[PDB]
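Enquirer: For reference, this is upload_36.txt, and it has compact mmCIF, C-alpha atoms and all ligand atoms.
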# COMPACT_ATOMS: atom_id res chain seq x y z
CA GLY M 3 45.64 -62.89 -44.87
CA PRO M 4 49.17 -64.29 -44.68
CA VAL M 5 51.17 -64.90 -47.84
CA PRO M 6 51.70 -68.65 -48.45
CA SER M 7 55.09 -70.33 -48.32
CA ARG M 8 56.67 -73.51 -49.73
CA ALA M 9 59.85 -75.36 -48.88
CA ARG M 10 62.51 -74.58 -51.47
CA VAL M 11 63.71 -78.22 -51.42
CA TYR M 12 62.09 -81.64 -51.01
CA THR M 13 58.82 -79.84 -51.61
CA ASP M 14 56.85 -82.75 -53.08
CA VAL M 15 58.53 -85.77 -51.47
CA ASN M 16 55.33 -86.89 -49.75
CA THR M 17 52.88 -86.22 -52.59
CA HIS M 18 54.76 -88.75 -54.75
CA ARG M 19 55.24 -91.30 -51.97
CA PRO M 20 52.56 -93.99 -51.61
CA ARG M 21 49.81 -92.93 -49.23
CA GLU M 22 50.89 -95.49 -46.62
CA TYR M 23 54.22 -93.64 -46.20
CA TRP M 24 52.73 -90.45 -44.72
CA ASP M 25 49.19 -91.56 -43.73
CA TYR M 26 50.26 -92.47 -40.21
CA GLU M 27 46.73 -92.62 -38.78
CA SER M 28 46.22 -95.84 -40.79
CA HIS M 29 49.53 -97.39 -39.71
CA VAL M 30 49.21 -100.85 -38.15
CA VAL M 31 51.81 -101.37 -35.42
CA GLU M 32 53.72 -104.66 -35.42
CA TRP M 33 54.17 -105.50 -31.73
CA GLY M 34 57.17 -107.33 -30.31
CA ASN M 35 57.39 -109.44 -27.16
CA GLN M 36 57.27 -107.25 -24.06
CA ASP M 37 58.97 -109.98 -21.99
CA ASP M 38 62.15 -109.60 -24.10
CA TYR M 39 63.08 -106.41 -22.22
CA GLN M 40 64.01 -106.10 -18.55
CA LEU M 41 64.05 -102.55 -17.17
CA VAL M 42 67.28 -101.73 -15.29
CA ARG M 43 67.01 -98.08 -14.22
CA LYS M 44 64.98 -94.97 -14.90
CA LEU M 45 67.01 -92.40 -16.84
CA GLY M 46 64.55 -89.52 -17.07
CA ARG M 47 60.98 -88.35 -17.38
CA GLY M 48 59.87 -85.96 -20.10
CA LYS M 49 56.67 -84.16 -20.96
CA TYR M 50 55.57 -87.16 -23.03
CA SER M 51 57.55 -90.21 -21.88
CA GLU M 52 59.69 -91.94 -19.29
CA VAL M 53 63.03 -93.33 -20.46
CA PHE M 54 64.68 -96.45 -19.05
CA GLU M 55 67.88 -98.34 -19.52
CA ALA M 56 67.07 -101.99 -20.11
CA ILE M 57 68.55 -105.32 -21.16
CA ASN M 58 67.36 -107.23 -24.21
CA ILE M 59 67.43 -110.74 -22.75
CA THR M 60 67.45 -112.36 -26.20
CA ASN M 61 70.99 -111.02 -26.76
CA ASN M 62 71.97 -109.65 -23.29
CA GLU M 63 72.62 -106.29 -24.96
CA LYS M 64 71.69 -102.96 -23.40
CA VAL M 65 68.83 -100.98 -24.93
CA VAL M 66 66.87 -97.84 -24.12
CA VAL M 67 63.13 -98.08 -23.53
CA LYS M 68 60.82 -95.06 -23.95
CA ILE M 69 57.43 -95.70 -22.34
CA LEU M 70 55.03 -93.16 -23.79
CA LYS M 71 52.66 -91.20 -21.60
CA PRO M 72 48.98 -91.35 -22.58
CA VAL M 73 48.50 -89.05 -25.57
CA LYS M 74 46.44 -89.19 -28.73
CA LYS M 75 46.84 -92.40 -30.73
CA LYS M 76 47.48 -89.94 -33.56
CA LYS M 77 50.62 -88.48 -31.95
CA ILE M 78 51.81 -91.97 -30.96
CA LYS M 79 51.30 -93.44 -34.43
CA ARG M 80 52.94 -90.38 -35.96
CA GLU M 81 56.16 -90.90 -34.02
CA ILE M 82 56.16 -94.66 -34.67
CA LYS M 83 55.60 -94.23 -38.41
CA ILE M 84 58.30 -91.57 -38.69
CA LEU M 85 60.83 -93.75 -36.85
CA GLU M 86 60.08 -96.69 -39.15
CA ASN M 87 60.33 -94.48 -42.25
CA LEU M 88 63.71 -93.09 -41.14
CA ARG M 89 65.20 -96.29 -39.71
CA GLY M 90 68.70 -96.96 -40.99
CA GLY M 91 69.23 -93.37 -42.13
CA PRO M 92 72.49 -91.62 -41.19
CA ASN M 93 72.63 -90.74 -37.49
CA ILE M 94 68.90 -91.40 -36.96
CA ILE M 95 68.22 -93.22 -33.70
CA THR M 96 67.27 -96.81 -34.54
CA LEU M 97 63.87 -98.05 -33.38
CA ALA M 98 64.63 -101.68 -32.55
CA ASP M 99 61.20 -102.84 -31.32
CA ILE M 100 57.78 -101.72 -30.08
CA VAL M 101 55.98 -103.46 -27.23
CA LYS M 102 52.81 -102.97 -25.19
CA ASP M 103 53.71 -102.00 -21.65
CA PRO M 104 51.27 -103.80 -19.32
CA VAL M 105 51.57 -101.24 -16.51
CA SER M 106 51.31 -98.00 -18.46
CA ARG M 107 48.90 -99.49 -21.02
CA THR M 108 50.86 -97.48 -23.62
CA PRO M 109 53.45 -98.40 -26.25
CA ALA M 110 57.06 -98.71 -25.12
CA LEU M 111 59.54 -97.93 -27.90
CA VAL M 112 62.84 -99.84 -27.76
CA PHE M 113 65.86 -98.00 -29.13
CA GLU M 114 69.49 -98.75 -29.78
CA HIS M 115 71.71 -97.91 -26.82
CA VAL M 116 73.92 -94.81 -27.17
CA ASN M 117 76.49 -94.34 -24.40
CA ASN M 118 75.98 -90.58 -24.16
CA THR M 119 77.77 -87.83 -22.27
CA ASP M 120 75.44 -85.10 -21.03
CA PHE M 121 75.59 -81.95 -23.12
CA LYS M 122 76.08 -79.85 -19.97
CA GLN M 123 79.55 -81.30 -19.41
CA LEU M 124 80.27 -82.40 -22.99
CA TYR M 125 79.92 -78.87 -24.36
CA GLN M 126 82.63 -77.72 -21.92
CA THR M 127 85.25 -79.93 -23.62
CA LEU M 128 84.37 -79.84 -27.33
CA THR M 129 87.18 -78.48 -29.50
CA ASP M 130 86.87 -76.41 -32.65
CA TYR M 131 87.37 -79.64 -34.58
CA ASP M 132 84.82 -81.52 -32.43
CA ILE M 133 82.16 -78.86 -33.07
CA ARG M 134 82.63 -78.93 -36.84
CA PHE M 135 82.63 -82.74 -36.84
CA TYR M 136 79.44 -83.10 -34.82
CA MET M 137 77.69 -80.30 -36.71
CA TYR M 138 78.39 -82.22 -39.91
CA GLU M 139 76.97 -85.38 -38.34
CA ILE M 140 73.77 -83.55 -37.34
CA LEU M 141 73.44 -82.20 -40.87
CA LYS M 142 73.58 -85.75 -42.24
CA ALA M 143 70.57 -86.64 -40.08
CA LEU M 144 68.65 -83.47 -41.01
CA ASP M 145 69.29 -83.74 -44.74
CA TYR M 146 68.22 -87.38 -44.53
CA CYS M 147 64.96 -86.74 -42.68
CA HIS M 148 64.16 -83.66 -44.80
CA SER M 149 64.90 -85.67 -47.97
CA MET M 150 62.39 -88.18 -46.60
CA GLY M 151 59.64 -85.57 -46.16
CA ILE M 152 59.96 -85.11 -42.39
CA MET M 153 60.82 -82.13 -40.20
CA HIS M 154 62.08 -82.86 -36.68
CA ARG M 155 60.75 -79.66 -35.03
CA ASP M 156 62.58 -80.22 -31.72
CA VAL M 157 66.28 -79.87 -32.51
CA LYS M 158 68.13 -78.97 -29.30
CA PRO M 159 71.19 -80.30 -27.41
CA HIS M 160 69.04 -82.65 -25.28
CA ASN M 161 67.93 -84.45 -28.46
CA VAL M 162 71.42 -84.95 -29.91
CA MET M 163 73.00 -87.99 -28.23
CA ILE M 164 76.78 -88.20 -28.50
CA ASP M 165 78.97 -91.15 -27.59
CA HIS M 166 82.15 -89.07 -27.63
CA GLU M 167 84.41 -92.11 -27.20
CA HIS M 168 83.34 -93.53 -30.58
CA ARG M 169 82.47 -90.17 -32.17
CA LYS M 170 78.94 -91.51 -32.69
CA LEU M 171 75.93 -89.19 -32.86
CA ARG M 172 72.19 -89.91 -32.95
CA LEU M 173 69.27 -87.52 -33.38
CA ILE M 174 66.53 -88.65 -30.95
CA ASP M 175 62.97 -87.86 -29.74
CA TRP M 176 60.94 -87.74 -32.94
CA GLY M 177 57.78 -87.19 -30.89
CA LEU M 178 57.27 -83.68 -32.29
CA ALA M 179 58.29 -84.56 -35.86
CA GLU M 180 55.85 -84.11 -38.74
CA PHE M 181 55.44 -84.90 -42.42
CA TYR M 182 55.89 -81.87 -44.70
CA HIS M 183 53.01 -81.28 -47.11
CA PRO M 184 53.11 -78.15 -49.33
CA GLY M 185 50.64 -75.54 -48.11
CA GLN M 186 49.84 -77.31 -44.84
CA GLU M 187 49.49 -75.14 -41.74
CA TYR M 188 51.24 -76.54 -38.65
CA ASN M 189 51.05 -76.05 -34.90
CA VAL M 190 53.46 -73.30 -33.84
CA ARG M 191 53.70 -74.77 -30.31
CA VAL M 192 56.71 -76.95 -31.11
CA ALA M 193 60.41 -76.85 -30.14
CA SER M 194 61.93 -75.64 -26.87
CA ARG M 195 61.74 -71.89 -26.25
CA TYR M 196 65.41 -71.09 -26.92
CA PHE M 197 65.36 -72.94 -30.27
CA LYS M 198 62.01 -71.71 -31.66
CA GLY M 199 62.31 -70.14 -35.09
CA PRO M 200 61.02 -66.61 -35.74
CA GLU M 201 58.20 -68.22 -37.74
CA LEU M 202 56.85 -69.85 -34.57
CA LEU M 203 57.32 -66.68 -32.53
CA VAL M 204 55.29 -64.58 -34.97
CA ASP M 205 52.63 -67.31 -35.34
CA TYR M 206 53.32 -68.13 -39.01
CA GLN M 207 51.96 -71.65 -39.51
CA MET M 208 52.99 -72.53 -43.08
CA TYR M 209 56.58 -73.41 -42.16
CA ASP M 210 58.81 -76.27 -43.25
CA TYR M 211 62.15 -78.08 -42.86
CA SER M 212 63.96 -74.75 -42.53
CA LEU M 213 62.65 -74.50 -38.94
CA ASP M 214 65.22 -77.17 -38.00
CA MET M 215 67.98 -75.02 -39.49
CA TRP M 216 67.19 -72.11 -37.18
CA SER M 217 67.30 -74.48 -34.21
CA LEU M 218 70.62 -75.83 -35.46
CA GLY M 219 71.92 -72.27 -35.77
CA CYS M 220 70.92 -71.67 -32.14
CA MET M 221 72.93 -74.73 -31.10
CA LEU M 222 75.94 -73.63 -33.15
CA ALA M 223 75.88 -70.15 -31.61
CA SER M 224 75.80 -71.61 -28.08
CA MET M 225 78.74 -73.90 -28.91
CA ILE M 226 81.13 -71.55 -30.70
CA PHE M 227 80.42 -68.61 -28.35
CA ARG M 228 80.16 -70.74 -25.18
CA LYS M 229 76.81 -69.26 -24.10
CA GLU M 230 74.11 -71.92 -23.64
CA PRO M 231 71.42 -71.14 -24.51
CA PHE M 232 72.38 -68.31 -26.89
CA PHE M 233 69.00 -66.54 -27.17
CA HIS M 234 67.88 -66.76 -23.52
CA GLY M 235 64.31 -65.47 -23.41
CA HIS M 236 62.18 -65.54 -20.28
CA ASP M 237 59.04 -66.34 -22.33
CA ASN M 238 58.03 -66.60 -25.98
CA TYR M 239 57.65 -62.82 -26.39
CA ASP M 240 60.98 -61.97 -24.76
CA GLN M 241 62.47 -64.73 -26.91
CA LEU M 242 61.70 -62.75 -30.06
CA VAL M 243 63.00 -59.55 -28.43
CA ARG M 244 66.30 -61.30 -27.67
CA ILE M 245 66.58 -62.37 -31.31
CA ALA M 246 65.74 -58.86 -32.55
CA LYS M 247 68.46 -57.36 -30.35
CA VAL M 248 70.96 -59.35 -32.49
CA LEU M 249 69.38 -59.55 -35.96
CA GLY M 250 67.80 -56.10 -35.64
CA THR M 251 64.22 -54.89 -35.81
CA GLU M 252 64.26 -53.58 -39.40
CA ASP M 253 64.87 -57.06 -40.80
CA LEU M 254 62.18 -58.47 -38.51
CA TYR M 255 59.76 -55.99 -40.05
CA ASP M 256 60.99 -56.95 -43.52
CA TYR M 257 60.25 -60.59 -42.64
CA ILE M 258 56.73 -60.09 -41.36
CA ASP M 259 55.97 -57.61 -44.17
CA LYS M 260 57.05 -60.14 -46.81
CA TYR M 261 54.51 -62.68 -45.52
CA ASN M 262 51.88 -60.02 -44.67
CA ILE M 263 52.18 -61.05 -40.96
CA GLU M 264 51.12 -58.81 -38.08
CA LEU M 265 53.09 -58.79 -34.84
CA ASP M 266 51.20 -59.32 -31.61
CA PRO M 267 50.41 -55.76 -30.46
CA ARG M 268 51.91 -56.65 -27.08
CA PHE M 269 55.31 -56.12 -28.75
CA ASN M 270 54.63 -52.38 -29.16
CA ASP M 271 55.89 -51.73 -25.61
CA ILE M 272 58.71 -54.30 -25.39
CA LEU M 273 60.35 -54.61 -28.83
CA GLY M 274 62.18 -51.30 -29.25
CA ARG M 275 64.41 -50.37 -32.20
CA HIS M 276 67.63 -52.35 -32.61
CA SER M 277 70.36 -52.31 -35.22
CA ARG M 278 71.58 -55.56 -36.69
CA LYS M 279 74.80 -56.61 -34.94
CA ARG M 280 78.03 -58.06 -36.27
CA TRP M 281 78.79 -61.52 -34.92
CA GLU M 282 82.31 -60.49 -33.81
CA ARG M 283 80.90 -58.72 -30.73
CA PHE M 284 80.20 -62.15 -29.18
CA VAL M 285 83.83 -63.23 -29.60
CA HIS M 286 86.07 -62.97 -26.54
CA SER M 287 89.27 -64.49 -25.20
CA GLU M 288 87.46 -67.50 -23.72
CA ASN M 289 85.73 -68.58 -26.95
CA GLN M 290 88.00 -67.25 -29.74
CA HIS M 291 89.60 -70.67 -30.30
CA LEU M 292 86.15 -71.89 -31.40
CA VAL M 293 85.49 -68.99 -33.79
CA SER M 294 86.73 -68.54 -37.35
CA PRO M 295 85.55 -66.46 -40.31
CA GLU M 296 84.03 -69.66 -41.70
CA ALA M 297 82.14 -70.33 -38.44
CA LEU M 298 80.70 -66.82 -38.32
CA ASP M 299 79.63 -66.89 -41.98
CA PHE M 300 78.04 -70.33 -41.58
CA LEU M 301 76.19 -69.19 -38.45
CA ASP M 302 75.08 -65.99 -40.20
CA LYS M 303 73.60 -68.04 -43.02
CA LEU M 304 71.58 -70.29 -40.67
CA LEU M 305 70.19 -67.55 -38.43
CA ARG M 306 67.92 -65.66 -40.85
CA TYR M 307 64.47 -64.37 -39.92
CA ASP M 308 63.18 -65.41 -43.34
CA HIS M 309 62.88 -69.21 -43.25
CA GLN M 310 63.16 -69.20 -47.06
CA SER M 311 66.61 -67.55 -46.84
CA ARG M 312 68.31 -70.05 -44.53
CA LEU M 313 70.81 -72.61 -45.79
CA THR M 314 69.27 -76.00 -46.43
CA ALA M 315 70.91 -78.97 -44.74
CA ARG M 316 72.61 -79.98 -48.00
CA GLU M 317 73.77 -76.43 -48.70
CA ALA M 318 75.13 -76.26 -45.16
CA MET M 319 77.20 -79.41 -45.80
CA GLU M 320 78.84 -77.62 -48.76
CA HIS M 321 79.96 -74.71 -46.54
CA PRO M 322 83.71 -73.97 -46.13
CA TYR M 323 83.34 -74.39 -42.34
CA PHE M 324 83.44 -78.16 -42.95
CA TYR M 325 86.45 -78.18 -45.27
CA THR M 326 88.69 -79.12 -42.32
CA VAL M 327 86.43 -82.02 -41.23
CA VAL M 328 87.89 -85.37 -42.30
CA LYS M 329 85.46 -87.03 -44.72
CA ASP M 330 84.85 -90.77 -44.53
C1 LIG H 401 63.15 -88.89 -25.23
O1 LIG H 401 62.98 -89.55 -26.46
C2 LIG H 401 63.99 -90.46 -26.80
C3 LIG H 401 65.05 -90.73 -25.94
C4 LIG H 401 66.01 -91.65 -26.34
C5 LIG H 401 67.21 -92.02 -25.48
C6 LIG H 401 67.63 -91.39 -24.40
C7 LIG H 401 67.00 -90.18 -23.73
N1 LIG H 401 66.56 -89.26 -23.23
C8 LIG H 401 68.86 -91.96 -23.74
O2 LIG H 401 69.41 -92.88 -24.22
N2 LIG H 401 69.27 -91.30 -22.53
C9 LIG H 401 70.40 -91.75 -21.78
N3 LIG H 401 70.84 -91.10 -20.66
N4 LIG H 401 71.99 -91.82 -20.08
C10 LIG H 401 72.29 -92.92 -20.82
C11 LIG H 401 73.43 -93.87 -20.46
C12 LIG H 401 74.56 -93.72 -21.47
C13 LIG H 401 73.93 -93.51 -19.06
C14 LIG H 401 72.89 -95.29 -20.45
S1 LIG H 401 71.28 -93.09 -22.10
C15 LIG H 401 65.93 -92.30 -27.58
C16 LIG H 401 64.87 -92.03 -28.43
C17 LIG H 401 63.91 -91.11 -28.03
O3 LIG H 401 62.83 -90.82 -28.86
Using structure tokens, write down the structure from this file.
Expert:
Amino acid sequence: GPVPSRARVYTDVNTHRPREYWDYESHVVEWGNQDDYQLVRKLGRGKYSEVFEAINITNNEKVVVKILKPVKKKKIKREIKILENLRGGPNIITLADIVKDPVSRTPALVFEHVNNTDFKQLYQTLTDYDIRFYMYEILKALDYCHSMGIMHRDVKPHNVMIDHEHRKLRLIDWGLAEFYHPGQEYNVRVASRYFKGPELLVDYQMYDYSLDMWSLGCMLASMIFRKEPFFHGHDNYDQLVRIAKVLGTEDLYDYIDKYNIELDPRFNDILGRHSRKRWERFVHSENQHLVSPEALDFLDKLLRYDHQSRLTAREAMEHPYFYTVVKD
């Protein structure tokens, strides 16, 4: 069988919390007044929700309303409980209210309003300094939620809201997030394809917070090299091949051998043999102003096959890449 694995940090946060903290199936939702919120416009529809801009008519302030699609009361209560546990943490989107939508017959989560610029256009204008700054802000959110026993499991540009005018960042969509319990096996069908960690792609279920750090590394690579997404697989198998063309196949075999994992035999005809590459080959005249020795070393220390070898969020915040970021 597979060799077990444990997070190297925040390992026992939930076992020493009171049961109510992580036992989300027993959570009792405190419902607000649905008539407080007037929907203004539909902003988007996801796999699991529709998102609206709205007005809170008790203060005439704009809010965002996420009306959940019908899913298991378990998955709904999980997201609600995680948002309440994390509320007020650095750069965590603030759940302001929860109401029963009378049309959908599902909960509608009310969030603080973030005046966001879409990552498609925003990523075209970010400077070297901008990228370091916003990476540091994401790390504050990830260290916070990891320190609170929670992994996000869906870190990607779409879930990082940035109000660039006020340099304000919020990590959103906690609908895939989970509580970390040592030795628990988790669903590997999380995260968007381009941001899935090697652990998901080789079907290793005993993963942890370090999954988020791979995803973050994928975002960093797309930003400093101006190639979004960086690992651009056509499916989940080709996704691992794309990673192995950069990190090399010998270290992939070291990874799966360490955890006594077996690759899907369908890789025998697609994976090939690939050397590990040096990150400088992705540097060119149109991205070099975003690349530094510190950026490449930081990236290299996030994008490890072995989830146990990646920088933690707190370690990442100590990295020289952030020395130039002005600290508040
Ligand atoms: C999909 O889960 C979530 C989504 C959100 C929020 C948004 C999304 N998605 C959001 O605020 N999207 C916007 N798109 N344009 C905006 C203007 C600045 C034009 C008003 S806001 C918050 C918490 C969640 O859990």
Enquirer: For range 280-283 of chain M, find every residue with an atom within 12 Å (counting only C-alpha atoms), except residues of its own chain fewer than 5 positions away, and show them as a list in words.
Expert: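 My list of contacting residues is residues 223, 226, 227, 247, 248, 249, 250, 289, 290, 293, 294, 295, 296, 297, 298, 299, 300, 301, 302, 303 and 305 of chain M.
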Enquirer: Measuring between all atoms listed in the file, which one of M:128, M:135, M:252, M:75 shows the shortest distance to residue 330 in chain M?
Expert: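 Among the listed residues, M:135 lies closest to residue 330 in chain M.
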Enquirer: Enumerate as JSON, numbers by chain the residues within 10 Å of ligand LIG 401 (chain H), counting all atoms listed in the file.
Expert: {"M": [42, 43, 44, 45, 46, 47, 48, 49, 50, 51, 52, 53, 54, 55, 56, 64, 65, 66, 67, 68, 69, 70, 81, 82, 85, 94, 95, 96, 97, 111, 112, 113, 114, 115, 116, 117, 118, 119, 120, 160, 161, 162, 163, 164, 165, 172, 173, 174, 175, 176, 177, 178]}
Enquirer: Have a look at CA of residue 201 in chain M and CA of residue 307 in chain M and let me know their distance in Å, one decimal.
Expert: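 CA of residue 307 in chain M lies 7.7 Å from CA of residue 201 in chain M.
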Enquirer: With distances taken over all atoms listed in the file, which residue among M:225, M:243, M:141, M:202 lies nearest residue 263 in chain M?
Expert: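 Of all the options, M:202 lies closest to residue 263 in chain M.
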Enquirer: Give me the residues near residue 188 in chain M as a list in words, where near means some atom within 8 Å (using all atoms listed in the file) and where sequence neighbours in that chain fewer than 4 positions away do not count.
Expert: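 After dropping sequence-adjacent residues, the list is residues 207, 208 and 209 of chain M.
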Enquirer: Which of these residues is nearest to residue 221 in chain M, using all atoms listed in the file: M:11, M:285, M:140, M:204?
Expert: M:140
Enquirer: In Å, rounded to a single decimal, give me how far CA of residue 157 in chain M is from CA of residue 15 in chain M.
Expert: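 CA of residue 157 in chain M lies at a distance of 21.3 Å from CA of residue 15 in chain M.
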Enquirer: For a quick check of understanding, using all atoms listed in the file, which of M:38, M:59, M:125, M:149 has the smallest distance to residue 102 in chain M?
Expert: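 Of the candidates, the smallest distance to residue 102 in chain M is held by M:38.
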Enquirer: When you draw a straight line from CA of residue 323 in chain M to CA of residue 308 in chain M, how long is it in Å?
Expert: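 Going from CA of residue 323 in chain M over to CA of residue 308 in chain M, I get 22.1 Å.
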Enquirer: Nearest to residue 90 in chain M among M:192, M:235, M:146, M:78, with distances taken over all atoms listed in the file: which residue is it?
Expert: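 Using all atoms listed in the file, residue 90 in chain M sits closest to M:146.
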Enquirer: Out of M:139, M:261, M:316, M:253, which residue has the shortest atom-to-atom distance to residue 277 in chain M when counting all atoms listed in the file?
Expert: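 Ranked by minimum distance to residue 277 in chain M, first place goes to M:253.
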